[PDB]
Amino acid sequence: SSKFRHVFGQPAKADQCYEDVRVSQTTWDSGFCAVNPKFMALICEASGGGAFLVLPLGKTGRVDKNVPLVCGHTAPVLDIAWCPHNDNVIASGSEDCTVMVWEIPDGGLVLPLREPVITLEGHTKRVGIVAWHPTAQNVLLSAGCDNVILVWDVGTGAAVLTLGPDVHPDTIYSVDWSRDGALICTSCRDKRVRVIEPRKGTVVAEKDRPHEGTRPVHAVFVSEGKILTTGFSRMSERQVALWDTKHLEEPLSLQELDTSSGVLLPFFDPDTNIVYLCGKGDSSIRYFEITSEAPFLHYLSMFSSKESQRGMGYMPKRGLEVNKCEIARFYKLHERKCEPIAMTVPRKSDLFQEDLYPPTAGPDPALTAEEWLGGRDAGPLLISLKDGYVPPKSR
């Protein structure tokens, strides 16, 4: 058995969830919840603009109806993402066509936050994808319904790269940065998954029609030289496929799951080679392991529940209870509640479990924006999760 075969989900008790939250009812295939070691954020239902909630992680229990929110946007927020290099900075993309970057005080909001640090204006339609660069300071990608990808230097406010509708002629379903941020992987409604070096726009690999169905495909980078997709058969059977980007003629493995209409969002953990799959409308979270042993993609198990998810966040490693063998933590949105679900490896030790917790991508950038734009690549600067290792301060 995999060392991860008996990984299991454990929902937090009511006193450790966040209750009575006005979760956004907008129909959109993003997570709607973004969390980091300091804060939980989720997108709110707002009828006169855009808003999302940010709370210190410790502020569990019922949320006051008059809680201060992050506002500024003039139409519904579609996507939120925390900066991997600063636990106080979050970006939001909105139906108002802007991306706004916010700084959150330690201790959380005292008053509504209405003015962002910077507003990034350039999309001409709603912005439903934001993604921070994993290794280069201040670099942020957005993709809008104008089918344009912009890359921004948030330190200057400038749009520094543009991939136009000649690159993605139809809706962009997903964009993922590679481990070192030297590439992006995009999945498009024109049924092509592209691996692109975004500084020059070079398409270095492309898979035409990874799935036969008419519903969306999402794609992520996984272990080196490999990508994973979720999609549908012609008859709407949901599927997960693992691909070798050097040999895209057929997948390394294609696995049929069930028959739903819900889009499965993949979450890949490089530290364990586990991929989790969760879709809006489902009550379950499936997980697989990726190995170099054929058939390469291996099913592990599934977390089951009685409640359908309306969104899902995912805690960075620095937020996990390493001493309790927690290897992931999901933040599940359902109805008016945000519910943490620990993913745990059943072990019993007082010692730091090195095999479960290799050094992990840390909060200090490996490159400046200008260094990266000038063509330098670098993997993330790694840190130890062991008690006693103090993470770098954010810039």
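Start at 1 with the first residue shown and count on from there.
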Original post:
Do the CA atoms of 303 to 311 or those of 287 to 295 have the higher mean B-factor in the entry?
Top reply: 287 to 295
Subject >> Mean C-alpha B-factor comparison - 90 to 98 and 219 to 227, higher one >> reply: 219 to 227
Original post:
With respect to the C-alpha temperature factors reported in the PDB entry, which of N323, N147, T202, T124 ranks highest?
Top reply: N323
**OP:** Sort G31, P68, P359, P56 by C-alpha B-factor from the entry and give me just the highest.
**Re:** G31
Original post:
By the record's CA B-factor, is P210 among the lowest, middle or highest third of residues in the chain?
Top reply: middle
Original post:
Is the Cα B-factor recorded for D106 in the lowest, middle or highest third of its chain?
Top reply: highest
Subject >> Third of the chain's Cα B-factor distribution that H133 belongs to, per the entry >> reply: lowest
**OP:** Sort the modelled residues of this chain by their C-alpha B factor and say whether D15 lands in the lowest, middle or highest third.
**Re:** highest
Original post:
Split the chain's modelled residues into thirds by Cα B-factor; is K38 in the lowest, middle or highest one?
Top reply: middle
